[PDB]
Structures are given as C-alpha cells and as structure tokens.
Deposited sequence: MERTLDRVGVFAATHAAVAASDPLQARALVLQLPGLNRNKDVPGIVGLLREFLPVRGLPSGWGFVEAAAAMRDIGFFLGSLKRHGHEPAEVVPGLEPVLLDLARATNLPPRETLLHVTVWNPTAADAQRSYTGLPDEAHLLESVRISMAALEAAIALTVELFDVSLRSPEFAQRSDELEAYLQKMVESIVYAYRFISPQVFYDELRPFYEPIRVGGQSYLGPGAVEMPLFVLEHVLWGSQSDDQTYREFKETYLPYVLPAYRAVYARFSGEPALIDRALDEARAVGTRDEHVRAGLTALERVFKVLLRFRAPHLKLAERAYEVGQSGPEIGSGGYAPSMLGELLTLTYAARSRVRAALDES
C-alpha cells in the first residue's frame, strides 16, 4: 500500500507539533476526569490557553495541534455536564480563531484525537487514560491514511473507461486500500470492551455549543468514507435520510474532501456511469466483464466493513442508531446493481 506514506507523513507533522508546550499538562487530564474535578479541569486548561490571541507565526499545523490539546478539555467539561464556552472565560474567541486558521469546526474532531495525536505513552492525549480508549484511537489510525489514499484512487477511477484494462486494475488497488477499514473493525471488536466504551468513553463525545450552534463530538463517523462513497455510488441517491447524514458530517472533514463532495454532487456517481457504459458496449467485451467484476469486489469489501461494524455498534449499545442499518441496505442495493449487470 505504497500510497499511504504521504498521508501518514502529513498526519505526523501535526502529531509532532506542541505549540502551546502542553504535553505534560494534558497528560494530567485523565486523573482530573477520574476525580470529576471540574474547577481543576478549567484550572489546568488556563495554564496553557492562549487567551491573549494566537501567535502570528502559526500555520495550519500549529493551529490544528493547538485545537487538539484544548480539545480534550472541551469533551471533558461537557462530559461533567458543562458547556465549556460557559465556564472558561476567553475560550470561545480562541476556538473561533483556531477554526478560522484550520478551516475546520471550532472544537476537536476525529482527526485531532487520532492521527494528529502522538502515539507514545508519554505524549498521547486522552480523555480517560484507559487502555480501551488507546485501542479505540489505534483502530482509527489503522485505516485513516489508507482511506485518504482510497478517496484519491476513487476520484481517479471516475474518469477511467470501463473498456480500458486500467479500470479493473485501479478497482483491485482500491479494494486493497479499503481492506484496512475491515482490519480496523476486527481490531476494535477484539480489543475494546463494549461496557467500557458505553459507560466510560461514550460520555466524552457529546455535542458542545460554540458561536450559536451545536458541534458534534469526535467519532469515526467523521471519517471521510461517506465522501468516497458519494463519488462511488451515492451522489445521485434520492434517499433524503442518507443525504441528511452526509450533509451533517461534511463540516468535520478536511476542506479538500468537502470540495470533492461539492464537485460530484451534480454528477452521476461512478457506479451509474460504469453501468451505463457496460450496457452501451456489451458484456462480451473482456475489459467490461473484468471491470465490473473488480468493481463488485470494491462493494464486497465495503460490506465486510459495514456489516461487522453494525454488530460492533449494536454490541456496545446493548450495554444502535437506525442510520447504520439503513446505510447497510443502501450498500447491498448498490452491489446488487453491479451483480445484475454481470448477470
């Protein structure tokens, strides 16, 4: 999976940045959360919160790293029943400035807490310090860079003719990158206690209010998989619930993925174009048969992520949102279209 390298290196740039010199301070947050010490949590944040304004030399990297370190306090304060912007003076203007500097929402996202978060024991930021949280973060680190590579490959595949042997080849490569999502779920199912997730981790992921609206807490739901699938199969879907789902999470993904999304909203999806071409040319063409077959395997790997993921989520929530089952159904229907072309 040679394409992963560059994405992982960009993540590592943010992970290596500590512009507020906050590492040793943020590591004390788990203890304070365990003690439910709200004044203490506010006090610890005020030790490094740049209430006077952001240093002028900062770029995206520093601002994202700053949002990461302040971010864990945001989830923590809400977990104890407090709007962070209401209990921390001068916090809201800092959060809005960091949002400006990153073109991201004014709170921590999945990216901040996982790939932009250093991995070492003496550096990794966490809400709880629990081994289950460490496993949860690792599960996302397994597949994020591969997913970003997969988005790039999907956009490239879009302009590849089914009549070309490249279609089958690019589809096979895409499947290999998407396999990492399956590995993530396997890991999460093996290593994360459902009870510890539901009782101890879940409380830290509530929404907070900043700038007169609500921003969702970090979650793997924020992974730009929905952008990949928008391009792949979903862009022209008439399912209103599905459209609402994608529009909900769009703000939380990187600006480049929001632009990819907008680019393809007014186009037929890859699947639609590929099926139209297969039907136009005939299935007697060997490159058409091979292209569709390889494309079917892309849907197979998506289902091998999505179906086990539903079980993972239902197991935790038995200690799950209907959105999950509905999306699974949509994905089966998409694969069925491909199977029907080959039949």
property	result
Chain regions without C-alpha coordinates, deposited sequence numbering	1-4, 324-335, 360-361
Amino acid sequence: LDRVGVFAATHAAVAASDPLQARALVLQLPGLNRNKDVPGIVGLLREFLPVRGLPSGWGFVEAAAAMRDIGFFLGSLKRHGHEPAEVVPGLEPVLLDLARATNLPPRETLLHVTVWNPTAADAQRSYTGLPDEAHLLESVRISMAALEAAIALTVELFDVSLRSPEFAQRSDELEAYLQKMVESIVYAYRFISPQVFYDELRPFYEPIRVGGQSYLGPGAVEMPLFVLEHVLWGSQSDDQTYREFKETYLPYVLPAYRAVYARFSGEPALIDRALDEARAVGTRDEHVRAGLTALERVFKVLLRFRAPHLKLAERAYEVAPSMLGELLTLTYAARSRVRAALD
From here on, numbers count along this sequence of modelled residues.
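Take the two forms, superpose them, and find the largest set of C-alpha atoms that agree within 1.5 Å; that set is the rigid core.
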item: In 4 other deposited structures of this protein, rigid core aligned: more displaced of 51-59 and 25-33 by C-alpha RMS; value: 51-59
item: Selected stretch [higher average CA B-factor]: 259-267 or 144-152; value: 259-267
item: Residue range whose averaged C-alpha B-factor is higher in the record, 46-54 or 304-312; value: 46-54
item: Relative C-alpha B-factor of residue 195, binned into the chain's lowest, middle or highest third; value: highest
item: Residue 6 - which third its CA temperature factor falls in, relative to the rest of the chain; value: middle
item: Residue 31 - Cα temperature factor, lowest/middle/highest third of chain; value: lowest
item: Assigned third (lowest, middle, highest) for the C-alpha B factor of residue 291; value: lowest
item: Residue 78 - Cα temperature factor, lowest/middle/highest third of chain; value: lowest
